[PDB]
């Protein structure tokens, strides 16, 4: 049930248009019974723990669910960029593991070198009641990200795959952007 973006004028995924802005379970995901929807102007990913998408290690993110913006219909020039950052939102401080594989027309895949984790102690309470952590993926963590960001001949991200793991059946991603 992924839904195309209605407004991507910010140049990054802010999920403020009520859509999953192209995101949904990836065809090659080992896990599929994961819910991906828009809630509270964010990308809400439910049941990660119940479906075994809870690997929190650095190199076994292969066991986690893979999501991708297959019906995104947009793109982002990332030449010269060095980071992929996003806010992880949850009602209580949880643990979330994220590995990413940005894709371009000529650089379709690269095995992530490592997944980046934010642990409970990384979450800060928000006045809205929820807790939020800032997760950042460097080009050092994703070779395909480094390849695209350093390839002036083809530095346009046309899609992306995220490996998402958590010990919480309720987390949200928001403001996923390259900088």
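Numbering follows the first chain given and starts at 1.
Stretches 122-130 and 108-116 differ in mean CA B factor, with 122-130 having the higher one.
The PDB entry assigns residue 35 a C-alpha temperature factor belonging to the highest third of its chain's modelled residues. Per the deposited record, the Cα B-factor of residue 47 falls in the middle third when ranked against the other modelled residues of its chain.
Among all modelled residues in this chain, the alpha-carbon of residue 41 has a temperature factor (C-alpha) in the highest third. Ranked by Cα temperature factor within the chain, residue 151 sits in the highest third according to the deposited record. Ranked against the other modelled residues of its chain, the C-alpha B-factor of residue 135 as given in the entry falls in the highest third.
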